[PDB]
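These notes concern the structure reproduced below.
The letters A, B, C, D and E name the chains in turn, as written, and every chain counts its residues from 1.
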Amino acid sequence: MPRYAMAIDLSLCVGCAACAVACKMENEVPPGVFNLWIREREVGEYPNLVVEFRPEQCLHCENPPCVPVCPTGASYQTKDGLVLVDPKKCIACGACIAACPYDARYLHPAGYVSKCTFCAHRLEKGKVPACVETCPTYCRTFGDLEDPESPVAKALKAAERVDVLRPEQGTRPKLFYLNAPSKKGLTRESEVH
Amino acid sequence: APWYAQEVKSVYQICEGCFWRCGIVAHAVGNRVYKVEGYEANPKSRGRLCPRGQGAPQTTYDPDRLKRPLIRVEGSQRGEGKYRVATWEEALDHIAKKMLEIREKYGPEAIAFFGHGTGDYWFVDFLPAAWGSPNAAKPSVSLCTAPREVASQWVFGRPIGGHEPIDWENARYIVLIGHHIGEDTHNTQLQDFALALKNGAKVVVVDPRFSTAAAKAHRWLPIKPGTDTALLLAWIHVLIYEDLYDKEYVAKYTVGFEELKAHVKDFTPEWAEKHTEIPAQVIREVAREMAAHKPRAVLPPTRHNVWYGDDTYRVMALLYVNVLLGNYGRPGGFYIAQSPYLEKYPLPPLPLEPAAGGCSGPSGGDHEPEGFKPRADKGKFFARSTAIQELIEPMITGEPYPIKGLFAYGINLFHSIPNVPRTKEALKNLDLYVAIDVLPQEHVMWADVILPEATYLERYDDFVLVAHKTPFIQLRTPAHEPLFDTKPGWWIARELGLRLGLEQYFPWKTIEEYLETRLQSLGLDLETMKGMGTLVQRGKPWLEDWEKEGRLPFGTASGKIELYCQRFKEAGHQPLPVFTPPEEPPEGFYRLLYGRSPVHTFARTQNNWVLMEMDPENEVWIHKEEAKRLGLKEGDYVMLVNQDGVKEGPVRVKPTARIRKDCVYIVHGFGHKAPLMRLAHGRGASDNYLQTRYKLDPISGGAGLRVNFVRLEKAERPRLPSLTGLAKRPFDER
Amino acid sequence: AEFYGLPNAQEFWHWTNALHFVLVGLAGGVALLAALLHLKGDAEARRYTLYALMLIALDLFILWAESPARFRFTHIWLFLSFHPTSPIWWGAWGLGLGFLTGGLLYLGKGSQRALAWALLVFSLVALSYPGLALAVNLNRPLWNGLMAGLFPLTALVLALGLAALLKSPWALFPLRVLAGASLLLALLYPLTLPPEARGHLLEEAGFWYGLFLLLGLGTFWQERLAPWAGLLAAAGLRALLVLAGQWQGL
Amino acid sequence: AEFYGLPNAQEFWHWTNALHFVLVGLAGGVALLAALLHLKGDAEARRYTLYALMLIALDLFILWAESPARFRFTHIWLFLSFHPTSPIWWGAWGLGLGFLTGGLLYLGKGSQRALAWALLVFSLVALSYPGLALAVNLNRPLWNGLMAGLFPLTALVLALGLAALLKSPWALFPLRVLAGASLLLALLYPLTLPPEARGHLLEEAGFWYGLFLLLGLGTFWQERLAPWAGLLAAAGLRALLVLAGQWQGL
Amino acid sequence: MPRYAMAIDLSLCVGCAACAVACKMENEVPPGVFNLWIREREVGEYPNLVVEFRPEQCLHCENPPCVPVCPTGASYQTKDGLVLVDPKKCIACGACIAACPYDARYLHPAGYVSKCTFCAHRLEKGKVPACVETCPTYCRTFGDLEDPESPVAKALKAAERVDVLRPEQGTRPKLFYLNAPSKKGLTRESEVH
């Protein structure tokens, strides 16, 4: 019934990869695959140099292309907006990886697809995700979008600007990048070459 | 199957990820700490942790980690890697045997103790002093911090210290000279910096590289390297000549500024601009802007200060700017950090007990005939601190006097001390070489008897006390017992203490006993601390707390600006004029630079798969147009050849534009040549190996490192084992 | 441009799932030949019905064989859930019911030629699903709408190529007709992409692409070159589009 | 939501042009038939050439009679320049040259196999350009890549459907193969669209679409309904995509 | 040599179609068509009600899809970045209309296609475009993007954010929207209902 979301204030992200490492430890994400990674890109030229540190992970899209594509039903979207995988039904076919626009998904070496989980295991015990917890810069917030006391909600409200990766896709990413450092918004590779 | 829906045991710990020693909570399931977490109530981590702290646990579960003592196979050459497994007993006897031989032939002072880490209290500050060697050294002094500690001891009469006392939260204007925060991922500092960004604080980063902190800055001054002092002097000049400084602060807590004004007379934003390449106008503007925010404008001194070799001058100058903004001891700049009270274990005095900074009778009038031989680097620079890179000359020329026998406790000899060939030569020449430390790293293999030391999560370490607004104490309990034939450092020091007849210094049989005795002073018992972790004490932070009390904190009486008497009296001119134009890189070279990659803490973290996975190699930063002129592109690898011909393994080329054309930048700590650290092994380039030279700071012990130049030769992309494949080797607890 | 960690942008369907793509082309195409041969009353309706059952089965084995989830036996769910939005799901049943149906047709029982209508339908589902399993991912620029056309055209080129090599008189002409349709759309495909997607395609594959286009022009020359040349063209393109389109690209 | 003035988002290609679209399909595909006929040396090659010429004439005439610049006489520029990136330019040259090529074929002048291969190539240009005239407009979500597949196959159903009404014996089988292809791709077409575009196609059309899909199924039923049904499905589908796809829509 | 552009500050735009009428007048744009129009969209409920006024007209895309698709060569891009039509070659085929993602062009009743001209007629004689001159709010700026002094260059330099319509087509518009009112950026119909 809530709408779970994550917001990352890029004006504060320094791209240390603490969240990324906290994730790997917590979810014991195996070598070679990542639920979370950082992307750092410069937009350039001296008087006007801009570096965007951008942590990427499952955005737990509100309209996830990775769910519909699943034949098994292992890819499901939860009532509060978490896209999760039930590995019991996963036939590791990769359809969801093909349909995920963000590279958030991987084949776990145990034979099923995995990806960030919004720390489902913690959310139920009433805790905040591990990446949100460890963040030194206090740039990531989390919570229920609909609860205005939520740290995501308040941050979205306080943001000077809010962006999302590949909005043009159908998805409605529920991971919001707040104050994007470049005036043109989130950095894209096509805008480089 | 997930560690968290299974057995967990959660101890309060202390992170040995770096020396910030963040207070953490370690969660183990059996003998494996799976997650570590900061905890509020610990002023350092306050619930958060940096990447290295989160991944630090891996070393314990590193296959490659050291497991049992080892003794160099007699007859084999230190270079070679032939060792035989010894018993803790046989190793400790072998060491005590050799040490006493040296003692009874050369004296104790002929054994040098190099160390780093929490355990370095045993192997650097106590045990060598019990044994009477003054040649105990940490790289965090002459390879990092020494210029700023000397400068800070001269100007206030205090240390900047481990957890530097910048009142980040109330700062309104922060000027960063170097200080690549965000890359330097010291936990509380990043939180404090983030917070200050959040509260609207404005940041000015002075640095030839557009670094992470510059990415968050309102002004980036891409200063010409080695030119910072000129900038700072021009700031002192705008602050004084435009009359923007805090007069009463000057008038009441300062002594001697009527010397600074005259000194800086010609150090103009136009003079500075010539050298600096920062336009006079921006120079003037920044000075005015920090003045406009007076006592909430700070120029927090950076930590690694050992650049160029006239570094104490640079720090002095910068500390004057702070004084001139009258920010020292006020909200918004610096608070006064007081050490916490925790009584030492009762013991007889040590043969040698040093003084660390407080001077007036610094080195000369304080080291000579009293214990016995002086620190072997005693006359090389003015300051009394021991300079690690200055104690390895005796190892070779045996000059001042001979240094046979060297201990290397958790200290990278080939990565942390410049001039690796010299260090290697020094090792061969040794009668004894010991290497205590966790994984197998090039320098450890060169030892005569290696000692695996219980990982921070497996041992109890004597309390950590951090001077701070609020003085606190930390305690690390072992989450699970040492693995393999590994031992805690306090235990190794104790045995090597008993074996050398220093039993009076180690009258306590156990560390729990040792900790309890200490804990008893603060009506506290060990069990109790184990449930708290961190015991935070009061502490005075602002000048007003001192003053309303009748006292002021400093050295001699007040803050000496541009002063310190016995230097000007004898040995060296007093102020920071030494803007002294750095020697510029030869044609076809760049002035090597170096820094930190948020995920990695010096070179001891390359074999960590969790962390290597985030950053498997370093990358050389060259300006886009420079890379384009050389013929380099984004996929390219290159060898960096320094001015002395040393070549460093292929490193990826990063043209990407955040750097002057003047420079090149590589993260420190890569380029290991340590086949047994299977992941670390042939990746990236090592700045230390290219740092064949250094310019010694005559004042502090500093090894000015940014004085090396490097050229790029195209190289083939390297062939390396798959890191994931190596990451997957399971950890066999045996 | 620089990362700490890495996006999981690694190939997800490997050369083995490019091999299955080729076989399910055949499996579905032949199953279509079979039902049509049934429906038409043709004497060969049996020969081709037991081929399609092997091709179908070979594929379904290769489908499980190549799945990292094989020894976890999770495929049973492919058949115990309703997931109409999922190209792959539709192909599980299309090849599953297409199998049973082809069994009940080869074992001449249960029912006749009302069953060939069901085989025709299931074969269309099996011919349709890969093409859409790619095109459904609107985040993959290369896998555009044409995949939904290039794959069924190409699966029939495979089925008719096989058929023509097993010397069935009827197979050559329609193979050269669908091969012309196949090859012409395959040629137009690049011109259909945005410039960066096309550029990606020409640098990643292309030669390979222009090779198989050229190779396929061989269906319009001789025999026993023809079915081969159209068969290698159809499987080339099929495998290459699966391999080259796993790009997300900006 | 509200405007002052209005964006120019109105239909730019009318029923008039959709007609051109159905026609150039016929034109091009009949020119393909005439080419392939001349190439088999079949006797009917001559009148199919007349027809392809007529339909080419009829199509250029309505391309011109429907042009707002019909009396400004600027089409000459179509032929005095080189615009390889432009489908309409390709289309002008394919038909045009295909009409000369087929003109000489008719007049037995200027060679004859070398003119039949030419007609073959120009008729492939003309069969190919419409789908690309649509498909290159990546801003129009309905004109995706499949348009490059749907238009060529549909132009063939038109030509063969015509050929079969004219009772040419060879064509009622290819007409069913190609009509099966076209209808399969036409059926999978909507599934190839982003949700909003499919929903837009379904709202604005569909029922017409779905009717054209059914219609075309009559190409596999009664012998003499088969070409009408195939013709109307293929033309209905072409015109409907042309009218319904002029949408930028967010 | 210049690269011509237009910048409109949306923070100042009030959607008084002055520019739209001035262009209508200056360019004699016949009745049913428009080179310039204003779109006005509201975003949000009560306590966060944003209204975006947005003039829309040829963006003189730098990578104009409306040019390559033209059979005759009537549609062309100038060396300074102007996308224009040589009516003498225009056959009014509407290919350029099909290709323009911005509904910027129309069939003029004289038999050829038309659209915002960046007032090439005025540009050539050293004047600024009609929209730019008549504009009470001074939110539009024009100039050579390459000249750091030009009004557009300055405008862009001083902007809090810069946006462009449908950036994901890859047209590289040269009509920049500054300081969009909504945090999420330019308004799209897709983010409605």
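Some notes on this structure:
One rule holds for everything that comes next: contacts are C-beta pairs under 8 Å (C-beta built on N, C-alpha and C of every residue); 3 or more make two chains touch, one makes a residue touch a chain.
More contacting C-beta pairs link the chains of D-E than the other of the two pairs B-C and D-E. Of all chains, the one whose Cα centroid sits at the greatest distance from that of chain B is D. Relative to the centroid of all protein Cα atoms, the closest per-chain Cα centroid is that of A. Work out the mean CA point of chain A and of chain C, and you get 34 Å between them. Spacing of chain C relative to chain E, judged by their CA centroids, is 46 angstrom.
Chain B and chain D have CA centres that are 75 Å apart. Each of the following residues of chain C touches two or more other chains: 1-2, 4-5, 136, 138, 194, 196. Chain contacts: chain E has residues 170 touching two or more partner chains. Shared interface positions of chain B, i.e. residues touching 2 or more other chains, are given as 51, 598-599, 613-615, 656. Only residues 1-2, 4-5 of chain C touch chain B when the two sit together in their complex. Residues 11-12, 14-18, 20-22, 24-28, 30-32, 34, 37-38, 42, 44-46, 49-51, 53, 121, 130, 133-139, 181 of chain A touch chain B in their complex. On chain E, the positions that touch chain A within their shared complex are 48, 159-163, 168, 170, 183-185. Put simply, chain D touches chain C in their complex at residues 124, 127-128, 131-132, 135-136, 138, 144-150, 152-153, 156, 173-174, 177-178, 181, 184-185, 188-189, 191-194.
Against chain A, the residues of chain B that register as touching in their complex are 2-5, 34-38, 47-55, 57, 181-183, 185, 187, 190-191, 193-195, 197-198, 210, 212-216, 220, 222, 598-599, 609-611, 613-615, 656-658, 723-724, 727-728.
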